Each structure stands twice: as C-alpha cells, then as structure tokens.
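**Q** Take this structure first; my questions come after.
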Amino acid sequence: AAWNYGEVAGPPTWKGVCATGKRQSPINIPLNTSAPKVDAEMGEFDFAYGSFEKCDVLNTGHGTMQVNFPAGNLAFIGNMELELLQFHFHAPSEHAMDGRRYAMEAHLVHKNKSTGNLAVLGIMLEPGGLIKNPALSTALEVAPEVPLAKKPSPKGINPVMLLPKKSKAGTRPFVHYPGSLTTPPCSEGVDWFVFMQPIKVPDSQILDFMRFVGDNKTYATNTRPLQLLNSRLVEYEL
Amino acid sequence: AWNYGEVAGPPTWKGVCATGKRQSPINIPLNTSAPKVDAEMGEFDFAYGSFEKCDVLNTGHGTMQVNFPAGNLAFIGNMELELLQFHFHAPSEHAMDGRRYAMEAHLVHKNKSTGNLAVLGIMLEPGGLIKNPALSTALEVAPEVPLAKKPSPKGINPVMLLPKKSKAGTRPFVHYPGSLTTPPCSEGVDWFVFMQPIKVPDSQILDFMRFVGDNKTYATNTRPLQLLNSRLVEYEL
Ligand SMILES: CC(=O)Nc1nnc(S(N)(=O)=O)s1
Ligand SMILES: CC(=O)Nc1nnc(S(N)(=O)=O)s1
Ligand SMILES: O=P([O-])(O)O
Ligand SMILES: O=P([O-])(O)O
Ligand SMILES: O=P([O-])(O)O
Ligand SMILES: O=P([O-])(O)O
Ligand SMILES: [Zn+2]
Ligand SMILES: [Zn+2]
C-alpha cells in the first residue's frame, strides 16, 4: 500500500482568507536563484526597543507563547515607523530559503504606524549556539504552562536580542514582501521583513520550545505550509 | 477555534491499523493508583556484538534502519530473541504517565523460540554530553535516496542503545502484547519497554528530526498513542 506520517492536519482546513487569499504567508524565499531580484531600496533597520521592562508572557493555546510589550518600542525602516506589539515563535521556521526551513523562526509583530497595516519582522533560529538567547530563555521560563493564562515577566525582556547581528558592512540583509498572518484569520495586508542572517541558539532552547509547543508532554511543531507567491515579487535589501 | 493539529497520516492508515484492539504504542502507567501486575520474567541478558558490520537502509518513512547479521541475542523469560534491526521515532511513541520523550529507539527481534516478532523500546532523553555512537553512525551512513541501503564502514555497537544496569544490576522494563506501529500495524508483537531512558546530546535529537525532514526541515515520525483496551501491562521493576 502507500502511507506517510504526513503533516499537521489543521492548516489545510483553515477557512476564509486562509484558503482564498493570494498574498498569504509564509513563502519560499529564493537566494541562489539566477532570476534577477528587485531591490527594496528601503535602507537599513534601526531599533529603539527601550520600553521592554514590564512584559506579559501569554500562553496562546496554539503552541507558541506570546510576549506582549507595552507601547513605546519602536523600529524604523524606510520612512516607516513600526511599533512593537508582541513577539512569538514557530518550530520549524515558517519561511524557507531555497526550500530549506530552519529550527525556529522568531516573529516580532508590529503596528505599522505609517500604513495602518501590521508589519512582521522574521528571524531564523539555528542550532549551534553557545549562549542561551536571553529573550527566548525568559519567554520559556516565565510562560504559563496553563493554556490561555498570561503572567507578567519579573525579568526584563529585550527584543533586540532576537535580531541578527550587523554584517561587516553595517547591514542586516532582509527580504520584504506583502503577505498575511500565518494563522487564522490569515488577514492580508501585512508587510513581511525576513532577515537572511540566522541567529545561532543552543539546541537545548529549540528542544525546550518544541516541548512547550507539545503542552509540556511531547515535542511538536506549529508551522504553516508554504504558500504560492502568485502575483507578488520579493524585494531584497541584501 | 482552529489548530495546527496532529500529523494527518496515521488516522488514515487502514487494515489492522484501524481495526485492531491490540495496537501500539500505548501509555505505560507508572505512578498510577492501579495495581501493577508483576511480569515475573527475570532480567534481560544481552549478548550483542560490539562492532557489527551492518547495512543502513533509508526506510523512506522518516527513520533510517540499521540491519544486523545474526549473533546478537537477547535472553528473557526463557526465550531467545535475535536482533534483526534497529530504527528511531521522534518524539517517543510510547508515553509514560502521558509524557513522551525526545526519541525512542526500537530494537526489533525475532523470537527464535516462537518465530513471532519482539520489539525493545528505549527512551532517548535530551541532556546528554556524550554522543551516542550507534545513533551517530546511523545518522552518518544513512543513504539519502528513499528505500536505498548502504553498508556501513564503521562497526555498530547496539548495546549502546540500551540503558545501563541500575545500582541493583537491573534494567527494569514493562511487557505488553502489541503491534507494529506502522502499516500493516500487524499485531502479535511482544513489546518490552525499558523504563530507564538514555541521555543523548540535543545535537543528535535535532539531527534526527532533520533526517526525518529530509534535510530541509524538522519533522516527526511517530504514531499517536493507542487504547489499552482489554490488555494488561506487566511490570518488571
Ligand atoms: C494581533 C496579531 O499580531 N495577530 C497575529 N496573528 N498571527 C501572527 S504571525 N504568526 O503570522 O506573525 S501575528
Ligand atoms: C518487518 C518489520 O519489522 N516492520 C516493522 N514496522 N514497524 C516497526 S515498529 N516501529 O513498530 O518497531 S517494525
Ligand atoms: O550541530 P549542532 O548545531 O546541533 O550543535
Ligand atoms: O550482557 P548484559 O545483559 O549483562 O548487559
Ligand atoms: O551476562 P553477563 O556476563 O553480562 O552477566
Ligand atoms: O540540555 P537539556 O536542557 O535539553 O537537558
Ligand atoms: Zn508567527
Ligand atoms: Zn519503530
């Protein structure tokens, strides 16, 4: 006969824009493509994440924990101003780079003060890290095991720590594209910025997270399959 | 109200897979308020070679599969089990008081007394500071092409996939009648599950999850827990 373990059963049954939209996330992000690449001409991100003491850690009942920030944490790119709302994680990564996913993907979700949209910053987490990632760590420690339950972090959580390090040219290369939320209702009009430089992380933390995703009784994943690019193009700021 | 869910594959599996009342894996109650019936079976005695020349196969269903020659014998309850092959599942397929471990190793045997299959399950825990060399070689030698096999250059010591003897010289375990955990999910299999996990490095658990994801993602290859039904788990603690 013919059989597999297959993928998680839920995502191909999500309704509304999840099924109908044509600007859905995530997507494959070509790198080693011969195909020529539209430059984003947006310049480089600058971060003003200061108001990061006093955080809530929330158990979404959807695998990941969610760190909620108070107003005042700002990032700038192009002329646009981005106010940080929350961050969370996916394992394995949601976006892919030439077909290949990573151990985790961090999602920093912002209100886009300039467009009225949301903007999601996306960072790849790789295994190999010698230092625990402090933001990830605290998110792991504080996160209520009871689902739906949220409780305030006693430690401060610096979300800049989820950003890749600057290159040997001042930059943090990224791709930009219009897409959606990767969970229901998958609303569109989200600006996606996926950085190309992964951050290394001790394997303990990746297993700790997949453990959290598995209700602390197994190891599990919380990722959506890749979606068609369709009419879009991806903008590179390499 | 929406979710990611469990993998979509196993609930569709047909045959005995879907109809059997004696299926694996199951939950192994330890700290329960129910009486534990002792298996009274004695302890395992292992005579496994230390540097076996093995074929490593890519099952094309997640795990690689290490095949052995004859000579690797496990003795229990006055029976002779011979090792056919090992492979892995991530997370563990058995649970223990509801909880699964990072991986489970399955050492499959032919009961030479009976001719029926027996499987030994060992939990693999993260935390380990020492690379387990059997899992290591199995990851290294595993052919990339599905259903292909390649002989290993290095010997494999399958005893490395078994837990150390305790302070009292035991390797406590549980015994129950079950099935293959993959189609045809044939029943009549004797399951022995060791209570003591082995620590392996987090690197290797991830390597394995990577293999299951065919080097492009991180996946699992575990069947969901089954109902004990009318069955009894017997204990050798
Ligand atoms: C209010 C809000 O931020 N909702 C989100 N839903 N999904 C997100 S994701 N995984 O696509 O970044 S963010
Ligand atoms: C021939 C044979 O042994 N087939 C098996 N299929 N699944 C196995 S498991 N995971 O239940 O040990 S063994
Ligand atoms: O090889 P590592 O990146 O899993 O330590
Ligand atoms: O050879 P063993 O069964 O004592 O390890
Ligand atoms: O069978 P033994 O020699 O390991 O006790
Ligand atoms: O190193 P640990 O935290 O995975 O046991
Ligand atoms: Zn997300
Ligand atoms: Zn198995």
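Residue numbers start at 1 in each chain; chains themselves are named A, B, ... in the order of the structure tokens; ligands are numbered from 1 in the order shown.
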What's around residue 134 (chain B) at 9 Å? Count only C-alpha atoms, leave out sequence neighbours fewer than 3 positions away in its own chain, and write the answer as a list in words.
**A**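 Using only C-alpha atoms, the neighbours found are residues 131, 137, 138, 139, 155, 156, 157, 158, 159, 160 and 161 of chain B.
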**Q** Set out as a Markdown table a contact list for chain A and ligand 6 with a cut-off of 12 Å, giving each residue of chain A that qualifies its closest atom pair and distance in Å to one decimal, counting only C-alpha atoms and all ligand atoms, ordered by chain and rising residue number.
**A**
```
| residue | atom | partner | partner_atom_place_in_ligand_line | distance |
| --- | --- | --- | --- | --- |
| A:130 | CA | ligand 6 | 1 (O) | 11.9 |
| A:132 | CA | ligand 6 | 3 (O) | 10.5 |
| A:137 | CA | ligand 6 | 3 (O) | 11.2 |
| A:140 | CA | ligand 6 | 3 (O) | 11.6 |
| A:141 | CA | ligand 6 | 3 (O) | 12.0 |
| A:202 | CA | ligand 6 | 1 (O) | 8.6 |
| A:203 | CA | ligand 6 | 4 (O) | 7.0 |
| A:204 | CA | ligand 6 | 4 (O) | 4.1 |
| A:205 | CA | ligand 6 | 3 (O) | 7.2 |
| A:206 | CA | ligand 6 | 4 (O) | 8.7 |
| A:207 | CA | ligand 6 | 4 (O) | 6.3 |
| A:208 | CA | ligand 6 | 4 (O) | 6.8 |
| A:209 | CA | ligand 6 | 4 (O) | 10.3 |
| A:210 | CA | ligand 6 | 4 (O) | 11.0 |
| A:211 | CA | ligand 6 | 4 (O) | 9.9 |
| A:219 | CA | ligand 6 | 4 (O) | 11.9 |
```
**Q** Take the selection from the previous step and output its residues with N, CA and C atoms, as a PDB file, in the first residue's frame.
**A**
```
ATOM      1  N   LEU A 130      26.296  28.793  21.556  1.00  0.00           N
ATOM      2  CA  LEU A 130      26.995  28.649  22.818  1.00  0.00           C
ATOM      3  C   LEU A 130      26.339  29.400  23.994  1.00  0.00           C
ATOM      4  N   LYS A 132      22.676  30.770  25.672  1.00  0.00           N
ATOM      5  CA  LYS A 132      21.226  30.802  25.623  1.00  0.00           C
ATOM      6  C   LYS A 132      20.858  32.182  25.079  1.00  0.00           C
ATOM      7  N   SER A 137      14.951  32.502  26.221  1.00  0.00           N
ATOM      8  CA  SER A 137      15.053  31.954  27.587  1.00  0.00           C
ATOM      9  C   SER A 137      13.956  32.449  28.532  1.00  0.00           C
ATOM     10  N   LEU A 140      10.617  31.355  27.652  1.00  0.00           N
ATOM     11  CA  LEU A 140      10.482  29.939  28.046  1.00  0.00           C
ATOM     12  C   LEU A 140      10.221  29.765  29.554  1.00  0.00           C
ATOM     13  N   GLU A 141      11.080  30.355  30.395  1.00  0.00           N
ATOM     14  CA  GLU A 141      10.935  30.301  31.864  1.00  0.00           C
ATOM     15  C   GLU A 141       9.596  30.808  32.352  1.00  0.00           C
ATOM     16  N   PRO A 202      21.485  27.591  21.389  1.00  0.00           N
ATOM     17  CA  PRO A 202      21.797  26.265  21.906  1.00  0.00           C
ATOM     18  C   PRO A 202      20.632  25.344  21.610  1.00  0.00           C
ATOM     19  N   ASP A 203      20.920  24.097  21.256  1.00  0.00           N
ATOM     20  CA  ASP A 203      19.887  23.134  20.911  1.00  0.00           C
ATOM     21  C   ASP A 203      18.910  22.926  22.070  1.00  0.00           C
ATOM     22  N   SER A 204      19.362  23.220  23.283  1.00  0.00           N
ATOM     23  CA  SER A 204      18.521  22.996  24.432  1.00  0.00           C
ATOM     24  C   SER A 204      17.277  23.813  24.254  1.00  0.00           C
ATOM     25  N   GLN A 205      17.433  25.045  23.743  1.00  0.00           N
ATOM     26  CA  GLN A 205      16.334  26.018  23.649  1.00  0.00           C
ATOM     27  C   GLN A 205      15.344  25.661  22.568  1.00  0.00           C
ATOM     28  N   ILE A 206      15.847  25.243  21.418  1.00  0.00           N
ATOM     29  CA  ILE A 206      14.985  24.686  20.372  1.00  0.00           C
ATOM     30  C   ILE A 206      14.145  23.477  20.906  1.00  0.00           C
ATOM     31  N   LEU A 207      14.789  22.516  21.593  1.00  0.00           N
ATOM     32  CA  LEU A 207      14.006  21.418  22.207  1.00  0.00           C
ATOM     33  C   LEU A 207      13.057  21.901  23.303  1.00  0.00           C
ATOM     34  N   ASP A 208      13.527  22.830  24.139  1.00  0.00           N
ATOM     35  CA  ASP A 208      12.648  23.447  25.142  1.00  0.00           C
ATOM     36  C   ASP A 208      11.403  24.053  24.482  1.00  0.00           C
ATOM     37  N   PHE A 209      11.576  24.758  23.364  1.00  0.00           N
ATOM     38  CA  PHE A 209      10.419  25.349  22.708  1.00  0.00           C
ATOM     39  C   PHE A 209       9.490  24.298  22.105  1.00  0.00           C
ATOM     40  N   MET A 210      10.030  23.363  21.319  1.00  0.00           N
ATOM     41  CA  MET A 210       9.183  22.298  20.756  1.00  0.00           C
ATOM     42  C   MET A 210       8.445  21.538  21.868  1.00  0.00           C
ATOM     43  N   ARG A 211       9.090  21.464  23.036  1.00  0.00           N
ATOM     44  CA  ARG A 211       8.459  20.920  24.235  1.00  0.00           C
ATOM     45  C   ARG A 211       7.289  21.762  24.706  1.00  0.00           C
ATOM     46  N   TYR A 219       6.920  16.539  22.017  1.00  0.00           N
ATOM     47  CA  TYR A 219       7.618  17.513  21.207  1.00  0.00           C
ATOM     48  C   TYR A 219       6.788  17.665  19.928  1.00  0.00           C
TER      49      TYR A 219
END
```
**Q** Can I get the residues close to ligand 2 as a PyMOL selection string, where close means within 9 Å and we count only C-alpha atoms and all ligand atoms?
**A** chain B and resi 24-25+84-89+93+105-109+117-121+178-186+189+222-223
**Q** Please return as a short mmCIF file (atom, residue, chain, number, x, y, z; two decimals) with N, CA, C and O atoms, in the first residue's frame: the residues of region 84-149 of chain A that backbone DSSP assigns to strand (DSSP E or B).
**A**
```
data_model
loop_
_atom_site.label_atom_id
_atom_site.label_comp_id
_atom_site.auth_asym_id
_atom_site.auth_seq_id
_atom_site.Cartn_x
_atom_site.Cartn_y
_atom_site.Cartn_z
N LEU A 84 6.33 47.96 18.20
CA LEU A 84 6.30 46.55 18.59
C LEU A 84 5.12 46.21 19.51
O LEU A 84 4.86 46.91 20.49
N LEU A 85 4.38 45.16 19.16
CA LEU A 85 3.20 44.75 19.92
C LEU A 85 3.56 43.53 20.75
O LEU A 85 3.46 43.52 21.98
N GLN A 86 3.99 42.50 20.04
CA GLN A 86 4.34 41.24 20.66
C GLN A 86 5.37 40.49 19.81
O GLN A 86 5.54 40.78 18.62
N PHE A 87 6.06 39.54 20.45
CA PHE A 87 6.78 38.51 19.69
C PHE A 87 6.42 37.10 20.13
O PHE A 87 5.98 36.85 21.26
N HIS A 88 6.59 36.17 19.20
CA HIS A 88 6.39 34.76 19.47
C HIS A 88 7.29 33.98 18.54
O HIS A 88 8.12 34.58 17.85
N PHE A 89 7.13 32.66 18.52
CA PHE A 89 7.99 31.77 17.73
C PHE A 89 7.23 30.64 16.98
O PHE A 89 6.10 30.24 17.33
N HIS A 90 7.88 30.11 15.95
CA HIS A 90 7.46 28.89 15.27
C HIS A 90 8.60 27.86 15.11
O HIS A 90 9.75 28.22 14.86
N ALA A 96 11.07 29.82 4.20
CA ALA A 96 12.08 28.88 3.80
C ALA A 96 13.06 29.61 2.91
O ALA A 96 12.71 30.59 2.31
N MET A 97 14.28 29.12 2.84
CA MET A 97 15.26 29.74 1.97
C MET A 97 15.81 28.67 1.04
O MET A 97 16.45 27.72 1.49
N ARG A 100 14.54 25.29 2.08
CA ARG A 100 15.01 24.80 3.31
C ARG A 100 14.64 25.60 4.54
O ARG A 100 15.04 26.67 4.73
N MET A 104 13.97 27.25 14.23
CA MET A 104 12.87 28.12 14.65
C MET A 104 12.78 29.41 13.82
O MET A 104 13.72 29.76 13.11
N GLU A 105 11.65 30.09 13.91
CA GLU A 105 11.53 31.42 13.29
C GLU A 105 10.94 32.29 14.35
O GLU A 105 9.95 31.91 14.99
N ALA A 106 11.59 33.42 14.60
CA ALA A 106 11.05 34.39 15.52
C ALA A 106 10.20 35.38 14.73
O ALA A 106 10.57 35.82 13.63
N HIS A 107 9.06 35.73 15.30
CA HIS A 107 8.15 36.73 14.73
C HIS A 107 7.91 37.90 15.67
O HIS A 107 7.26 37.73 16.72
N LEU A 108 8.44 39.08 15.29
CA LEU A 108 8.20 40.33 16.01
C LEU A 108 7.12 41.08 15.28
O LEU A 108 7.34 41.57 14.16
N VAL A 109 5.95 41.16 15.91
CA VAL A 109 4.79 41.72 15.25
C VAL A 109 4.62 43.17 15.67
O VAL A 109 4.63 43.48 16.88
N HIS A 110 4.49 44.06 14.68
CA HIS A 110 4.39 45.49 14.92
C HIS A 110 3.13 46.09 14.33
O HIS A 110 2.60 45.64 13.30
N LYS A 111 2.67 47.17 14.96
CA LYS A 111 1.71 48.03 14.28
C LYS A 111 2.53 48.93 13.35
O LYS A 111 3.57 49.48 13.77
N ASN A 112 2.12 49.01 12.09
CA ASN A 112 2.78 49.89 11.13
C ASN A 112 2.08 51.26 11.14
O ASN A 112 1.01 51.47 10.56
N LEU A 118 -0.12 45.72 9.66
CA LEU A 118 0.81 45.16 10.62
C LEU A 118 2.10 45.02 9.89
O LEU A 118 2.09 44.87 8.68
N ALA A 119 3.22 45.05 10.60
CA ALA A 119 4.49 44.60 9.99
C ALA A 119 5.09 43.48 10.80
O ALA A 119 5.25 43.64 12.00
N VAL A 120 5.44 42.35 10.18
CA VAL A 120 6.12 41.26 10.92
C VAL A 120 7.60 41.13 10.53
O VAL A 120 7.95 40.96 9.34
N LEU A 121 8.46 41.28 11.54
CA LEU A 121 9.87 41.01 11.37
C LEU A 121 10.09 39.53 11.71
O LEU A 121 9.54 39.00 12.69
N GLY A 122 10.89 38.86 10.89
CA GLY A 122 11.05 37.43 10.97
C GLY A 122 12.50 37.06 11.00
O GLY A 122 13.28 37.45 10.10
N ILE A 123 12.89 36.32 12.04
CA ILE A 123 14.31 35.94 12.18
C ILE A 123 14.51 34.43 12.28
O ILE A 123 13.82 33.74 13.04
N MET A 124 15.46 33.90 11.53
CA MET A 124 15.72 32.46 11.65
C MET A 124 16.61 32.10 12.87
O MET A 124 17.67 32.70 13.12
N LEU A 125 16.15 31.08 13.61
CA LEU A 125 16.96 30.48 14.66
C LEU A 125 17.51 29.15 14.22
O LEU A 125 16.76 28.25 13.82
N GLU A 126 18.83 29.04 14.33
CA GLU A 126 19.61 27.83 14.04
C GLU A 126 20.18 27.18 15.30
O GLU A 126 20.53 27.88 16.25
N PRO A 127 20.38 25.85 15.30
CA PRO A 127 21.12 25.21 16.39
C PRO A 127 22.62 25.46 16.28
O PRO A 127 23.09 25.69 15.18
#
```
**Q** May I have a table of the residues of chain B lying at most 8 Å from ligand 3, giving each one's closest pair of atoms and their distance in Å to one decimal, counting only C-alpha atoms and all ligand atoms, ordered by chain and ascending residue number, as CSV?
**A**
```
residue,atom,partner,partner_atom_place_in_ligand_line,distance
B:202,CA,ligand 3,4 (O),6.8
B:203,CA,ligand 3,4 (O),3.7
B:204,CA,ligand 3,4 (O),6.8
B:206,CA,ligand 3,4 (O),6.3
B:207,CA,ligand 3,4 (O),6.6
```
